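Let me begin by presenting the structure, written as C-alpha coordinates, before commenting on it.
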Amino acid sequence: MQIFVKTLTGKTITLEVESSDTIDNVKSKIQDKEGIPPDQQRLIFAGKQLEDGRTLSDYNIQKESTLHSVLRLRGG
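To convert, note that position 22 of the sequence shown is 22 in PDB author numbering; the numbers rise steadily by one, no gaps.
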(Lines of atoms letter the chains of each structure in order from A and count residues from 1; the text may use other names and numbers.)
(Lines give C-alpha, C1' and ligand atoms only; values in the text may rest on other atoms or scores of the structure.)
Protein backbone atom coordinates (compact mmCIF):
# COMPACT_ATOMS: atom_id res chain seq x y z
CA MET A 1 0.00 0.00 0.00
CA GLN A 2 1.53 3.58 0.61
CA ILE A 3 1.70 6.27 3.36
CA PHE A 4 3.80 9.47 3.78
CA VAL A 5 5.11 10.85 7.12
CA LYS A 6 6.81 14.28 7.54
CA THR A 7 9.65 14.25 10.12
CA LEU A 8 10.70 16.81 12.80
CA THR A 9 13.67 18.01 10.65
CA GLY A 10 11.41 18.91 7.70
CA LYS A 11 12.03 15.72 5.67
CA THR A 12 9.13 13.43 4.53
CA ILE A 13 9.58 9.80 3.34
CA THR A 14 7.66 7.53 0.89
CA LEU A 15 6.73 4.13 2.50
CA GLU A 16 5.17 0.87 1.19
CA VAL A 17 2.49 -0.47 3.63
CA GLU A 18 -0.11 -3.23 3.83
CA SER A 19 -3.45 -3.53 5.76
CA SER A 20 -2.19 -6.77 7.39
CA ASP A 21 1.24 -5.59 8.62
CA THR A 22 1.43 -4.32 12.23
CA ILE A 23 2.13 -0.58 12.75
CA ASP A 24 5.29 -1.50 14.80
CA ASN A 25 6.86 -3.21 11.77
CA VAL A 26 6.36 -0.11 9.57
CA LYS A 27 7.62 2.28 12.26
CA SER A 28 10.79 0.20 12.26
CA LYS A 29 11.35 0.10 8.47
CA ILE A 30 11.38 3.87 8.76
CA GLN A 31 13.67 3.87 11.88
CA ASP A 32 16.26 1.97 9.66
CA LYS A 33 15.72 4.37 6.72
CA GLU A 34 15.69 7.83 8.43
CA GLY A 35 16.39 6.86 12.09
CA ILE A 36 13.26 8.14 14.09
CA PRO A 37 13.28 6.26 17.47
CA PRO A 38 10.03 4.21 17.43
CA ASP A 39 9.25 4.51 21.18
CA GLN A 40 9.94 8.25 20.92
CA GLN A 41 7.79 8.65 17.77
CA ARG A 42 3.94 8.92 17.57
CA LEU A 43 1.88 8.29 14.41
CA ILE A 44 -1.52 10.05 14.36
CA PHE A 45 -4.64 10.09 12.00
CA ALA A 46 -7.50 12.70 12.36
CA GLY A 47 -6.80 13.41 16.06
CA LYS A 48 -6.43 9.68 17.03
CA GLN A 49 -3.27 7.93 18.28
CA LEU A 50 -1.95 4.86 16.48
CA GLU A 51 -0.96 1.79 18.50
CA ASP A 52 1.93 -0.22 17.16
CA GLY A 53 -0.20 -3.31 17.87
CA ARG A 54 -3.33 -2.58 15.60
CA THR A 55 -3.14 -2.95 11.77
CA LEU A 56 -3.70 0.05 9.48
CA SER A 57 -6.93 -1.63 8.24
CA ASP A 58 -8.72 -1.06 11.54
CA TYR A 59 -7.93 2.62 11.22
CA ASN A 60 -9.86 2.86 7.83
CA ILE A 61 -6.82 4.75 6.42
CA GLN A 62 -6.84 4.29 2.61
CA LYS A 63 -4.02 4.38 0.05
CA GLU A 64 -1.91 7.59 -0.04
CA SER A 65 -2.90 8.91 3.44
CA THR A 66 -0.64 11.33 5.39
CA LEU A 67 0.18 10.67 9.08
CA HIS A 68 1.89 13.09 11.56
CA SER A 69 4.82 11.57 13.57
CA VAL A 70 5.24 13.31 16.96
CA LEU A 71 7.71 13.12 19.85
CA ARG A 72 6.84 12.30 23.48
CA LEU A 73 8.83 13.29 26.65
CA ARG A 74 8.65 14.46 30.28
CA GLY A 75 11.85 14.42 32.30
CA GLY A 76 10.67 14.38 35.91
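Backbone N, C-alpha and C define an ideal beta-carbon position, used for all residues, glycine too.
Reducing DSSP to helix, strand and coil, say where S28 ends up.
Numbered from 1 along the sequence shown, position 28 holds the residue referred to as residue 28. Three-state DSSP puts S28 in a helix.
In chain order, each beta strand (DSSP E) run of at least 3 residues that lies wholly inside the segment 5–56
If we require 3 residues or more, the beta strand (DSSP E) runs fully inside the segment 5–56 come out as 12–15 and 42–45.
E34 and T7: beta carbons closer than 8 Å?
Counting from 1 along the sequence shown, the entry for residue 34 is found at position 34. Counting from 1 along the sequence shown, the entry for residue 7 is found at position 7. Pairing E34 with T7 gives a Cβ-Cβ distance under 8 Å.
I need the DSSP call for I61, collapsed to helix, strand or coil.
Mapped onto the sequence shown, residue 61 falls at position 61. Of the three classes helix, strand and coil, the one that applies to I61 here is coil, per DSSP.
Proximity of residue 78 and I23 at Cβ, strictly below 8 Å:
Residue 78 lies beyond the stretch modelled for the chain, which goes from 1 to 76, so this question has no answer here.
Going straight from the alpha carbon of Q2 to that of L73, what length do you get?
Start at 1 with the first residue of the sequence shown, and residue 2 comes out as number 2. Start at 1 with the first residue of the sequence shown, and residue 73 comes out as number 73. Going from the Cα of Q2 to the Cα of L73 covers about 29 Å.
Exposed or buried, which one is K48 when buried takes at least 16 other CB atoms within 10 Å?
Position 48 of the sequence shown, counted from the first residue, corresponds to residue 48. Flag for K48 reads exposed.
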